[PDB]
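Pasting data-v1.txt here (compact mmCIF, C-alpha atoms and all ligand atoms):
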# COMPACT_ATOMS: atom_id res chain seq x y z
CA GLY A 1 0.00 0.00 0.00
CA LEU A 2 3.14 2.15 0.59
CA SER A 3 6.49 2.54 -1.28
CA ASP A 4 9.82 1.93 0.63
CA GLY A 5 10.35 5.73 0.60
CA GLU A 6 7.00 6.15 2.39
CA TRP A 7 7.77 3.32 4.81
CA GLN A 8 11.12 5.05 5.38
CA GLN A 9 9.22 8.19 6.47
CA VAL A 10 6.81 6.24 8.75
CA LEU A 11 9.70 4.66 10.64
CA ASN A 12 11.56 8.01 10.79
CA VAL A 13 8.54 9.52 12.50
CA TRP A 14 8.14 6.42 14.70
CA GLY A 15 11.59 7.14 16.07
CA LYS A 16 10.09 10.34 17.63
CA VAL A 17 7.39 8.31 19.42
CA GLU A 18 9.89 5.77 20.63
CA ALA A 19 11.86 8.54 22.51
CA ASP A 20 8.85 8.84 24.85
CA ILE A 21 6.32 6.08 24.27
CA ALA A 22 4.50 6.80 27.53
CA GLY A 23 3.94 10.56 27.07
CA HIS A 24 2.92 9.97 23.45
CA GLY A 25 0.61 7.06 24.44
CA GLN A 26 -1.02 9.06 27.21
CA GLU A 27 -1.67 12.14 25.02
CA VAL A 28 -3.17 9.89 22.30
CA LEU A 29 -5.71 8.31 24.70
CA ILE A 30 -6.60 11.63 26.37
CA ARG A 31 -7.26 13.22 22.93
CA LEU A 32 -9.44 10.20 22.09
CA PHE A 33 -11.36 10.27 25.40
CA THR A 34 -11.87 14.01 25.50
CA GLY A 35 -12.85 14.45 21.86
CA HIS A 36 -15.13 11.30 21.98
CA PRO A 37 -16.38 10.59 25.49
CA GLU A 38 -18.29 7.59 24.32
CA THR A 39 -14.95 5.75 23.77
CA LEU A 40 -14.18 5.99 27.49
CA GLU A 41 -17.21 3.80 28.21
CA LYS A 42 -15.55 0.89 26.47
CA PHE A 43 -12.98 0.75 29.32
CA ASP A 44 -14.16 -0.43 32.76
CA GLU A 45 -10.62 0.51 34.01
CA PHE A 46 -10.95 4.17 32.96
CA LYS A 47 -14.64 5.03 32.86
CA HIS A 48 -14.17 6.38 36.41
CA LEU A 49 -12.12 9.30 35.07
CA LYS A 50 -14.15 12.48 34.53
CA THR A 51 -11.70 15.30 34.00
CA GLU A 52 -8.64 15.64 31.82
CA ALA A 53 -6.66 16.29 35.03
CA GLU A 54 -7.69 12.99 36.51
CA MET A 55 -6.76 11.36 33.15
CA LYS A 56 -3.44 13.23 33.19
CA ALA A 57 -2.74 11.95 36.78
CA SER A 58 -3.65 8.29 35.99
CA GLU A 59 -0.56 6.07 35.84
CA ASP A 60 -2.66 3.14 34.66
CA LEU A 61 -3.71 5.18 31.68
CA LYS A 62 -0.05 5.90 30.83
CA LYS A 63 0.56 2.20 31.18
CA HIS A 64 -2.23 1.33 28.65
CA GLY A 65 -0.84 4.10 26.28
CA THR A 66 2.44 2.17 26.28
CA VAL A 67 0.72 -1.16 25.53
CA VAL A 68 -1.15 0.46 22.57
CA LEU A 69 1.78 2.19 20.97
CA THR A 70 4.03 -0.79 21.58
CA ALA A 71 1.63 -3.01 19.60
CA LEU A 72 1.16 -0.45 16.81
CA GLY A 73 4.94 0.08 16.52
CA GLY A 74 5.37 -3.70 16.13
CA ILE A 75 2.84 -3.69 13.26
CA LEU A 76 4.39 -0.66 11.51
CA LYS A 77 7.84 -2.25 11.60
CA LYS A 78 6.43 -5.09 9.53
CA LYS A 79 5.83 -2.62 6.71
CA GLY A 80 2.48 -4.10 5.69
CA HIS A 81 3.47 -7.77 6.17
CA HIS A 82 1.51 -7.77 9.44
CA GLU A 83 -1.24 -10.39 9.03
CA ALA A 84 0.08 -12.47 11.95
CA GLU A 85 0.31 -9.50 14.34
CA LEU A 86 -2.96 -7.82 13.17
CA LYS A 87 -5.36 -10.84 13.21
CA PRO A 88 -5.39 -11.32 17.02
CA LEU A 89 -5.85 -7.58 17.49
CA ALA A 90 -8.80 -7.44 15.08
CA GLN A 91 -10.32 -10.54 16.74
CA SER A 92 -10.09 -9.21 20.31
CA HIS A 93 -11.32 -5.67 19.36
CA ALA A 94 -14.31 -7.13 17.47
CA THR A 95 -15.57 -9.97 19.70
CA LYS A 96 -14.24 -9.19 23.14
CA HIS A 97 -13.97 -5.42 23.34
CA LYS A 98 -16.72 -4.55 20.81
CA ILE A 99 -14.88 -1.63 19.20
CA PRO A 100 -16.53 -0.18 16.09
CA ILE A 101 -14.08 0.68 13.28
CA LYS A 102 -15.12 4.37 13.68
CA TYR A 103 -13.26 4.39 17.06
CA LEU A 104 -10.14 3.19 15.15
CA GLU A 105 -10.68 6.06 12.74
CA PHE A 106 -10.90 8.37 15.80
CA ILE A 107 -7.61 7.12 17.35
CA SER A 108 -5.90 7.36 13.96
CA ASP A 109 -6.79 11.05 13.76
CA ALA A 110 -5.82 11.48 17.40
CA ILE A 111 -2.26 10.17 16.56
CA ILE A 112 -1.81 12.73 13.75
CA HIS A 113 -3.02 15.51 16.10
CA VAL A 114 -0.61 14.57 18.90
CA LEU A 115 2.32 14.27 16.53
CA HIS A 116 1.71 17.84 15.35
CA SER A 117 1.18 19.03 18.91
CA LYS A 118 4.34 17.49 20.30
CA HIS A 119 6.44 18.19 17.27
CA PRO A 120 5.19 21.50 15.76
CA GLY A 121 7.20 22.23 12.66
CA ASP A 122 8.99 18.96 12.43
CA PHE A 123 6.15 16.72 11.30
CA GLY A 124 6.34 17.54 7.61
CA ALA A 125 3.87 17.33 4.77
CA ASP A 126 5.55 14.18 3.39
CA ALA A 127 5.72 12.60 6.89
CA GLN A 128 2.00 13.32 7.53
CA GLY A 129 1.27 11.76 4.16
CA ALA A 130 3.11 8.52 4.84
CA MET A 131 1.83 8.23 8.43
CA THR A 132 -1.79 8.78 7.32
CA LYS A 133 -1.47 6.07 4.67
CA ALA A 134 0.05 3.55 7.08
CA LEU A 135 -2.76 4.23 9.59
CA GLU A 136 -5.25 3.78 6.77
CA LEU A 137 -3.66 0.47 5.76
CA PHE A 138 -3.86 -0.67 9.39
CA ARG A 139 -7.56 0.34 9.54
CA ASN A 140 -8.42 -1.31 6.26
CA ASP A 141 -6.89 -4.64 7.20
CA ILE A 142 -8.82 -4.49 10.48
CA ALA A 143 -12.05 -3.63 8.50
CA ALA A 144 -11.49 -6.76 6.32
CA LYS A 145 -11.38 -8.98 9.41
CA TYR A 146 -14.39 -7.15 10.95
CA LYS A 147 -16.37 -7.93 7.78
CA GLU A 148 -15.52 -11.64 8.03
CA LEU A 149 -16.86 -11.66 11.54
CA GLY A 150 -19.99 -9.68 10.61
CA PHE A 151 -19.08 -7.11 13.26
CA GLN A 152 -21.62 -5.06 11.39
CA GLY A 153 -21.20 -2.23 13.83
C1 LIG A 201 -4.03 2.03 17.54
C2 LIG A 201 -5.07 1.20 17.79
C3 LIG A 201 -5.13 0.19 18.91
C4 LIG A 201 -4.19 -0.67 19.35
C5 LIG A 201 -2.76 -0.89 18.79
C6 LIG A 201 -4.72 -1.35 20.50
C7 LIG A 201 -4.07 -2.30 21.22
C8 LIG A 201 -4.56 -2.96 22.31
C9 LIG A 201 -3.90 -4.10 22.98
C10 LIG A 201 -2.52 -4.69 22.56
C11 LIG A 201 -4.69 -4.49 23.97
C12 LIG A 201 -4.53 -5.66 24.96
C13 LIG A 201 -4.57 -7.09 24.35
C14 LIG A 201 -6.00 -7.35 23.84
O1 LIG A 201 -6.95 -7.30 24.62
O2 LIG A 201 -6.11 -7.37 22.57
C15 LIG A 201 -5.90 -3.69 23.94
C16 LIG A 201 -6.95 -3.79 24.81
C17 LIG A 201 -8.12 -3.03 24.74
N1 LIG A 201 -8.40 -2.08 23.75
FE1 LIG A 201 -7.23 -1.53 22.21
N2 LIG A 201 -6.02 -0.90 20.78
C18 LIG A 201 -6.25 0.08 19.82
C19 LIG A 201 -7.45 0.76 19.74
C20 LIG A 201 -8.50 0.74 20.64
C21 LIG A 201 -9.65 1.65 20.66
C22 LIG A 201 -9.87 2.77 19.66
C23 LIG A 201 -10.46 1.24 21.64
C24 LIG A 201 -11.79 1.81 22.22
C25 LIG A 201 -12.21 2.99 21.91
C26 LIG A 201 -9.80 0.09 22.33
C27 LIG A 201 -10.32 -0.58 23.41
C28 LIG A 201 -9.65 -1.57 24.10
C29 LIG A 201 -10.12 -2.18 25.31
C30 LIG A 201 -11.51 -1.91 25.97
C31 LIG A 201 -9.20 -3.09 25.70
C32 LIG A 201 -9.19 -4.00 26.96
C33 LIG A 201 -8.38 -3.21 28.03
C34 LIG A 201 -8.10 -3.85 29.34
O3 LIG A 201 -9.10 -4.13 30.08
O4 LIG A 201 -6.91 -4.00 29.73
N3 LIG A 201 -8.65 -0.19 21.64
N4 LIG A 201 -5.79 -2.80 22.88
Reformat the file's structure so that it appears as structure tokens.
Ligand code: HEM
Amino acid sequence: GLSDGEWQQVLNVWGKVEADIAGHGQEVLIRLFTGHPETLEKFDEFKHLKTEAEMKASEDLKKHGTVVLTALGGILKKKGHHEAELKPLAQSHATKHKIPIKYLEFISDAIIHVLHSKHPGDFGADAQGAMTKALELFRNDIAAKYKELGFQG
């Protein structure tokens, strides 16, 4: 779905996330939860949080941010040859967690936001381009597996 040049850019950018996977992970989830409060309800571990401050002071949330970005990073490093790593992820988000693909769209957007926020001026037009496409590829492959399961919504 991407050229090596574009994969090259995705992994360059990923290097920025890797310098602080917890702070990036936390800011992604807070952006998600504050822009779409209904997503919070999918987590029994975090639905207690009400304010952004409480979210900001939650170490467990930072922990989960790490788990998420660790797993994404692992997929991205496969440069599209991620069937093995993605399948389990699509299966648990569809039948156990009951996560609509729109929420994956939401988090995808939330990653681009955060990158711009944390790195104003050094998250280029080409880098946005490649990152967006990889996130889309990720989303599409998930959508394929959702379809097979009839996870309709
Ligand atoms: C970048 C996209 C995502 C990645 C890489 C990711 C990754 C993970 C991983 C690795 C786990 C734990 C293992 C498992 O249960 O599969 C997990 C758990 C979970 N995810 Fe995601 N996830 C993503 C998006 C989302 C979104 C958008 C939602 C909801 C809005 C969500 C809701 C959950 C929930 C409810 C759990 C169970 C948490 C627990 O009780 O510990 N995920 N996710």
> Near region 134-142 of chain A, counting only C-alpha atoms, which residues have an atom at most 10 Å away, once you skip same-chain residues fewer than 2 positions from it, shown as a ChimeraX atom specification?
Replying inline: /A:1-2,6-7,10,72,75-76,79-80,82-83,86-87,89-91,93-94,101-102,104-105,107-109,111-112,128-132,144-147
>> Between A:26, A:152, A:92, A:66, which residue has the minimum interatomic distance to ligand LIG 201 (chain A), considering all atoms listed in the file?
In response: A:92
Find the axis-aligned box for ligand LIG 201 (chain A), covering all its listed atoms and adding 4 Å on each side, and write its centre and edge lengths in Å to one decimal as lines of an AutoDock Vina configuration file.
center_x = -7.4
center_y = -2.2
center_z = 23.8
size_x = 17.7
size_y = 18.4
size_z = 20.5
>> If I take CA of residue 67 (chain A) and atom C10 of ligand LIG 201 (chain A), how far is one from the other in Å, to one decimal?
In response: 5.6 Å
> Which of these, A:42, A:133, A:63, A:56, has the shortest distance to ligand LIG 201 (chain A) once you count all atoms listed in the file?
Replying inline: A:42
> Could you pull the residues within 9 Å of region 14-19 of chain A, counting only C-alpha atoms, minus those fewer than 2 positions along the same chain, as a ChimeraX atom specification?
Replying inline: /A:9-12,21-25,69-70,73,76,115,119
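Going from atom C25 of ligand LIG 201 (chain A) to CA of residue 103 (chain A) covers 5.2 Å.
Checking A:30, A:57, A:13, A:49 one by one against residue 122 (chain A), counting all atoms listed in the file, you find the shortest gap at A:13.
The interatomic distance for the pair atom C31 of ligand LIG 201 (chain A) and CA of residue 127 (chain A) works out to 28.7 Å.
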>> For a quick check of understanding, using only C-alpha atoms and all ligand atoms, which of A:64, A:113, A:78, A:50 has the smallest distance to ligand LIG 201 (chain A)?
In response: A:64
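Using only C-alpha atoms and all ligand atoms, the nearest neighbour of ligand LIG 201 (chain A) within the list A:71, A:29, A:55, A:143 is A:71.
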> Of the candidates A:59, A:118, A:68, A:3, which one gets nearest to ligand LIG 201 (chain A) if we count all atoms listed in the file?
Replying inline: A:68
